[PDB]
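Residue numbers (the authors' numbering), protein chains in the order written: chain A, 2 to 890, 913 to 1342; chain B, 253 to 603; chain C, 1 to 156; chain D, 655 to 804. Just so it is clear, CB atoms sit at the ideal spot from N, CA and C, and this is done for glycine as well.
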RNA sequence: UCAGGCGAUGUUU
DNA sequence: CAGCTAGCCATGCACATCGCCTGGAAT
DNA sequence: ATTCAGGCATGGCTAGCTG
Ligand SMILES: [Mg+2]
């Protein structure tokens, strides 16, 4: 079955893979994030509640009084999106806060002396998000980019090779929290464990270890293990677990039970350990050689002496042995060490330690942190107790905690926001263990450690900063409390909050200017994932491997969409099906797999979880019952790819589209092109300029419907019904019966958006697409937008094209275009510029806006009015005057059109600062807008009342009808009559009270709108009135522009030939564009050729239908013929059948076909050659896809037949007249008397350093001289030069440059003395 | 510099000098009360650090910032770096009398001339036009002159044709690597708005036609014209100074052309006949009674300068291909014949 | 991990292959690259790109073979001492179930299935560095242990 | 088909215990490379001289008139390498590690590509672009230094 | 009219 | 008293273009 | 309406350890 508004033009479809999860709403990221930001929610949990419940309550210095929170509430804007775009304010909202102040007694329990609650104190303003996911700051339309940065947590890195050139890799460990300071751990070639706090100098980590109030004994107990010796009257013999002999070679003979077991100095097998454990004996004698290498653990003291007998972390010697023996100590503690298992790194660090105690350690850290400061007890105490343990300057996230326990093999996933001694100790354990050999490093690029923020999160952070500043202030003031008389408005000052949030939404590395010139360009700019920004890396001072794709981007980041040039890999576009996991990772869908069936249940997966399982590639031939037709299958397990078995896989791809982005899924026959050109193709397609008449691209990809419908430029309906009224302004929809609410039933109204301005100077326009009396269903197109049609997305147009060199004019890539194009206006574009004149008020006199102007004739003046502003519709040209402005002295400063553009004046705006008289014209425009608004809202009320009376009438027919008594009295008041004792009377009263409410509403809205328009709105200080004028140029096409394909072949149109000369075909038609064949094998993009063929087939079916219809036939022929045209292939999805199209819709279907039978092609499942061939055969063209031609000039036949077909082409907005430029003698900069730079500033080019090298290379000298002396620098030079040129005498006079004179002065500024010399 | 609004664009040197002068005046005031010496020590330390900032902000410890976050610029930066005076305003200066536009092909040109658009010209040579105007006596002063050249009346276009006729110009492309990167041409006026440029140079410029941009330049003085003509005119560069191979190598379509024009099948129309001369060869191929390639015995005559710098003729009956004979009518007097009796790939035409 | 032990015939063959690559193969691709460079575009061209790729791939091979030829310990030992199975020897082995195999044991570079294709570092050989005709010998496959028996030996 | 049979034989020998890990690695990669070369020669012979026609006698072959072979043999654009990547399999593809991957791309731009293959080719191209950038930088710096000494 | 931010277009393994 | 010698700073990083945006807080 | 926290390569240098 099909929607009714799809039956208009049913799109033929190739493809095999049955799809199961339709494309989701393409703007989830923006809208869901922001909604999450601002919404009433209990129990905190990521809202304004979070910030507040974090900062509040705020308590005095035990001043028996304290401030706290209750509830927040927004209001509603004073303005709205349209008015706002016109005026310039931000689309903002009020913000009210209910606070409560309380007071206790002095010297009592917490008894409340008195409390008050200020009525929702005002504070600040936060912008909202337009229904299309865009913000509005200052007459513009900005966007915030989701940011991709490193997750909070612990990380272990190698840094292999390059360092120290020693071949011995290193291992470092980092802790990065979400708001605080850094912390590291790392080794050195001398095998010592060092620490650094915040990239500063280095220390031995034992310093902070014992700064956690630990003794050396405890430290050793933590890290190493114990080995014991005791007094067995000789050598104080040992007990040992044979496990500690793992893969070793004893330095002394292993004896037991008087029996030797292993030779003295040999390796030991595990059978030895087995048999000796079966023996279960540990008491053993040892020699002295095995002793000295050990190190004492604890410190022994004696009865009488108790002096420095043994210092912990010290090796052994026979004299020490005798000393401790003669003092009589039973136990002897040592350190079980090794080389391949347990490196005594901590002991070496201890021996390197210069410190002795907690005090000295704190002193050392305090000294290294802030250089040049008096060491002090409390200073160090409070400092180091404020870098890893307090809410003040340090906090992880729940996310941080989750990652941080996960990488430590812990049990739970919820803890505190702070660190712990236990935590740091465990981190160091992990690092040591990694050094030992077990465990592995974890690379960074794996998406299990990147993370995606969004608008909501960043807004929350900045707003938090605001709140902490304001609490600093509140604490400060409240430290000087009063007698109950202050109220919570003096206790608050939102100006810093406003400052912070304005700064963020206005000027930051993320909030940027939306590229709005093409629906696709929007919807692929909003879904952008950026690696830059505060909190991330830089453009060129950033790493390398991050600029690379990783085997886990799959289905979470496009491979093939990114701008080339200075920053690749940093601006990854976000995948199609990608979502945002709760914690904030990139999750993608998959299909669950049971024992032997590809079940129809989706399931979302994260990054890390993906690694453990095994995943089946998409295009795998199943058979109707989940059974894989083979027993082996291509799949991926862990960045791998390999044929696997049958009963092993557990998840299968959702569809095939999921490896690209919307920015590059519109590329038909994509899979047949290389990577490079696919890339450049997506990018160029993003820059398409709209047109004046869109025409439904032929070879499409089925991903157009969503890309258009959801990118909210077209106007989607909301409640399906019957179209009642159409007009280029508005659309009026009557609702169906049962999709209705009881009260305010009425009908829906849509105000379209007529000719107005983009941000790239393009024409955003809308057009109706239905006719009176035509049903429409929920969620459907009603208004086509810029470059849309009937719902589908269209960018350029489709043209007949033929590949063959033709007299040079297509030498390198120069497309050629025949006048048959520039006649029908099928590339004409519309642009709109916007010009601004201002009225400053400078001392020596205010400005004037009069018509009277000195030293100008009636010529320019005629177009002006009697007030000084051009009429609404004159056809001004370059140089004329739009607004008359003069500055007293009186001098001319009027406003003139920039040189070059033609155009027409479509609209004028006037702003006036209050407190100043108005002219005649502003008054007239005021009265115009008043009249129009009044009429508009009056029509609102009238049609709404009309619908409501109609509903009344419809109701009265049921239950108490009076068909004759109803139309006795007029439409005035049909509620004058009565109804029985039924709920229908209740309904009548509902309708009546709604009518009265609408009356009052109309009254109030009228008055309020009048008051809105009447006043003179605020402005930047120091201005009087602004006049704005629009223009509308109509640039057509001309040699120099840039037309492009989609597969990625550029071109610069180069000649416009007359109709005759284009190579025609034997049937008689001309051909319109002639590219260059040699371009195809070079840029390996074989695709556009297949595209051409398939298009040829399309237009074949088209022309066939057109003939069958023009020779008007019985409809049954069309029925059969369309049926055939739609079946034509192997197993597919489409399965349409026109046996159920009412014998009239069919005709309208043919109508909309006669230009072509649009074919679709999913990306990696597209049509194959055989079906193309058979479609062409259904047409009448030759199978080979090539036709003979006939050249126009000679009128004879080319040889070796060539290719023709329709290749949908686009136009880019690098038009020629925005690049042609020239300067003779214009302005001059002020510091260094040189010509300016750029075009808008009427300047000249730049004669580059390397060019000076070139000119030196040739012997040319005089050219160089006057190239950098007469035409640039010497003031006297160019004056003389000009005066001489005007009279034939070509001759320069060099003089000295002036920038050099400046160089002299700036060096002389210093202690230096530089001079010229004797002549 | 004043900005739009009751403010002023803050510079850096201003702020720095102002800081120094504040600190100096404070210290001067302090040497009257004879305050305790720790104060004056802190004072002198501030002043030393400030003068340090003024001379080189960024060589002591943490550099002083300015408005928002960044080290305000000091004299050391005025001279240093990729943006001081040297590499920005003394080795390459912006220059008047110029312009820029987009390029296209236009193969109807002899390789010592290049297109140019009217509007660009009439904006460039404004002085010359003024001069020739008041020479031919059409306006008294410069005022009416400029008014005429803006209104764009009739006679100006003829005047412009007369003043461009033999006045070379320079074309430049952006990444200028080797001294080919700037060549000369003579203009020929075109309509439209995009420079037309001969094909056989788009290899030396390393410039495709995918939307690149080129800059013009106009010599002013007379020595300059003669330089541009006797040294930089395009005819006088047929060899890259890197190495003696030619640089006028025909590039990418013309080669396919000559290729398909000279080759041989085994059997096509008109095979097995004899032709008195390349003339009637071309005549056959136009009339359409003989294929474009079919092996034929023909007569040809060739010249050779084996004498003391003197040309001598000899003729014979070669065996060749009709198209190849057609190519023969272009070779100048002096070559041998075997140079064009094979496939003619790219290396062949190069040598 | 490796063993510089190589047989002299393969040594010569490898040296000859080196000479072949460095004399009559490199220069042709060289000429192709020198040609393709004279074209205008380089980022809009792929012929230069893929021909350069060919150069990289052949360079890697020549580097590897060079380091090898530097570090090749040659033992062109005769059948002088025979009786065990230590190196460069033909070996028949049979299963207790019917599976038979014939092979010669050589160094790492001589394994391309043609005549003598088994490397010493393989567990098979590692279990056979010296044996006697008519003896059991077991190995540890990833699917468990195995067993065979020797049949005959002929050095050369 | 025969290539797949061979890798199957080698996999059998591995799980039978005659080779090591990197041993299997190199064995497989070599036999695929050999197959690649065979395919290349096959296509080149099937194009360059494929035309065979009558002479007014029976038959005699000659150099062909296939458009792509002309556009290559002339010297205009593209060569044996590109016509390879349009007809035969497009060889092997390294990965960012540099470790060359162990399954060739048995497809070609005329027929289609399943996803993984296109993905890997993306690897290659992106690394190429990044190197273009940095290399440009160093080249410019070298040129400047040289011109300031001579 | 100067300084910065951002984005974009070219040449560029 | 001399020869390293490892560890810590200075300085360097292509060219050309176009468009948009914003330039002190407290008293 | 005045005023005060992801680079690399290289070279040069300085404490600091063996004879
Ligand atoms: Mg280009």
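Taken through DSSP and simplified to helix, strand or coil, residue 392/B comes out as coil. Ranked by how close their Cα comes to the Cα of residue 1191/A, the residues 1144/A, 1110/A, 1245/A have 1110/A in first place. Selection 312/A, 410/A, 176/A, 544/A evaluated against residue 785/D yields 544/A as nearest (Cα-Cα). Residue range 474–484 is occupied by the alpha helix (DSSP H) that includes residue 475/B, with no beta strand (DSSP E) assigned at that position. Distances from the CA of residue 329/B to each of 264/B, 554/B, 579/B were compared; the closest alpha carbon is that of 264/B.
In the three-state scheme derived from DSSP, where H, G and I count as helix and E and B as strand, residue 1244/A is classed as strand.
Remark: the C-beta of residue 814/A is outside contact range of ligand 1, defined as less than 7 angstroms to any heavy atom. For residue 614/A, the nearest beta carbon of chain B is not closer than 8 angstroms to its own beta carbon.
Contact of residue 507/B with chain D by beta-carbon distance below 8 angstroms involves 728, 729, 730. Between ligand 1 and residue 33/A, a heavy atom-to-CB distance of less than 7 angstroms is absent. For residue 1101/A, the chain D residues whose C-beta falls within less than 7 angstroms of its own C-beta are 725, 730, 731, listed in chain order. Between residue 681/D and chain C, the shortest Cβ-Cβ separation is below 8 angstroms. Nearest in C-alpha terms to residue 695/D, of all of 712/D, 739/D, 802/D, 799/D, is 739/D. As DSSP reads the structure, residue 636/A sits in a beta bridge with 617/A, 643/A. Taking CB atoms only, residue 690/D has no neighbour in chain A less than 8 angstroms away.
For residue 1023/A, the enclosing alpha helix (DSSP H) begins and ends at 1006–1037.
Taking a C-beta cut-off of 7 angstroms against chain A, the contacting residues of the stretch 739–757 of chain D are 739, 740, 750, 757, listed in chain order. Assignment of residue 183/A by DSSP, reduced to helix, strand and coil, places it in the coil class. For residue 460/B, the distance from the CB to the nearest heavy atom of ligand 1 is below 7 angstroms.
In this structure, residue 686/A keeps its C-beta atom at 8 angstroms or more from the C-beta atom of residue 578/A. With distances taken between CA atoms, residue 550/B lies nearest to 567/B out of 541/B, 567/B, 560/B, 563/B.
Across the set 17/A, 79/A, 869/A, 22/A, the C-alpha of 79/A shows the shortest separation from the C-alpha of residue 1036/A. Residue contact with chain C for residue 684/D: present (Cβ-Cβ distance below 8 angstroms to some residue of chain C). Residue 727/D has its CB no nearer than 7 angstroms to any heavy atom of ligand 1. Using a Cβ-Cβ cut-off of 8 angstroms, residue 207/A is close to nothing in chain B; its nearest Cβ partner there is about 30 angstroms away.
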